[PDB]
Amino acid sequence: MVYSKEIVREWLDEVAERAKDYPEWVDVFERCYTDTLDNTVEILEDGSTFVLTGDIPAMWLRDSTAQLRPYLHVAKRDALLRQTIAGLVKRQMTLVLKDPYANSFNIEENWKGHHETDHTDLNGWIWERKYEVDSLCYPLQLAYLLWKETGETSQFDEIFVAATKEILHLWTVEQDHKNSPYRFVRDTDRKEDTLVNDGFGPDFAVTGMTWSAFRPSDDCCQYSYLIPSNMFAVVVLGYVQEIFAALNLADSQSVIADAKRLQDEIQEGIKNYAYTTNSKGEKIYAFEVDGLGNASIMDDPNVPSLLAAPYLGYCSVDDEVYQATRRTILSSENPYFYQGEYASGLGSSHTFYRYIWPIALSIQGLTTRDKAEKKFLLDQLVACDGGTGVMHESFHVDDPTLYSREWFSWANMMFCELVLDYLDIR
C-alpha cells in the first residue's frame, strides 16, 4: 500500500549488482532498507503518511525526513512511493501547524507522551515539546529534495505555505528569545532533559542567529545558538526562496523577501559569532555559542552536526575552516571523541561514555572525497554491528556487542546513504 514491491525489488537488484564485490554491505543494506519501508511507514485515513521513529506511536520531524530520504532514488521510478513521500511532507507540515515548537508528534490527538512530567503549552498531538531548530528545517528539506529528485509538487499546498509562514515567524521571534512564548520544564533529575532558569534557558545576547532549546540529540543546549542547526536553517531558507519563486505560491513576494532577510541575518550572525580557535590556533566552527563570548569546541553525532555541514549543503567539503573543524572534531580535542579497540568515533551526552555512533561514522564517510576512507568506514560499520546485521544508536568502542537501540531506523538509513554514495548512485 505504500510502494511497489516489484519496482523496489528490481531497484535493489540493480544496487546489489553494482555492489557485487561487497556482499557484507549488500546483506546489511537490504535488511536496513526493507525494514524501514515495511515496518515504520503507514498511510493514514486522510491519505497522508506517518513514519514511526521507533517503537511507540510517535513521529519525529527529524527522524521521519532522514528515514525516507534514501527512497527518493527509487521514487523516481515508483510513482506510489513518490506519493507516500509527498504524503509525509503533507503530514509534517500539518503537524508543524499544530505546534511549531514540538519535536515529536502522536499519530492522532491521543495525549500520549511526556505530558505528566512536562510543564509547557501542550495539546493532544504532542508526544514531546522539545524545541529544536532542526526539527523545522527537516520538513523543508524533505519538501525540496522530493521536488528536485522526482519533480513532485503536490506537497506545496496551502498547509505547506501556512507552515512555512509559521517557521519564518518563529525563527524571527527567536532571534531575540526574550520575546518568546516558549518555556519548558520537565520534572526530572536529568539536567539534559530540561531548561535552566525555570524553563527559559541560559543567558544570551542577540546575534542574528536563531535560538534553540535543545539539540538534534534531544538534550538541551549549553549555549543557545547551535551552529549546525543555524547552518541548516541557512540552507533551507535558500530552498524556501527557490520553491516560492518556482511554483508561484501564495504571497511569494512577501515570503521570499522574509526568508532572504532572515537567511542573511543568520548568515551574518554565523560570520560574527560562530568561529573559535583550536589548540593549534586554527580558525574553526564552534558547536554552540551564546553571543556573550562563550563558544564550545566539540561536535555531537546527531545531524545537523558540524561534521555534516557539507552533507547538509552549507559549505564545500574542501573548505579550509570546515577541514580544520573536521580534524578537531575527529580528535581527543573533542570531548565526545572516543577511541578503542574496534573503532574511534563520536559519543554524545545522550549515550554512555565510550559508546560511539554509527550515524556519525556514516556522516564521516559522506563528508570525505576519499573513496578508501568511505570503504573503510562502511567495513567498520558492518564489522561493528554486534552480529545483528543492522545499525545501532551507539556501540562500545572496545566491544560492539554492547550497544544501544536494537532498532534505529534513522541509523539504518544513514548506512544506506553511505553505500549509495560510495557506489555513485546519485
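Heads up: residue numbers just count along the shown sequence, starting at 1.
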Can you tell me whether 291-299 has a higher mean C-alpha B factor than 77-85 in this record, or the other way round? 291-299
Report the stretch with the higher mean CA temperature factor, choosing between 306-314 and 184-192 on the basis of the entry. 184-192
Whose CA atom has the top B-factor in the entry, of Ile363, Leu377, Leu52, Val390? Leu52
Specify which of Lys90, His177, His169, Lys148 carries the largest Cα B factor in the deposited PDB entry. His177
Divide the modelled residues of the chain into thirds by Cα B-factor and specify which third, lowest, middle or highest, holds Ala205. highest
CA B-factor placement of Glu24, once the chain's modelled residues are sorted into thirds: highest
Lowest, middle or highest third: where is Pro139 by Cα B-factor in its chain? lowest
So where's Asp370 on the chain's Cα temperature factor ranking, which third? highest
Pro400: CA temperature factor from the record, placed by chain third, in the middle
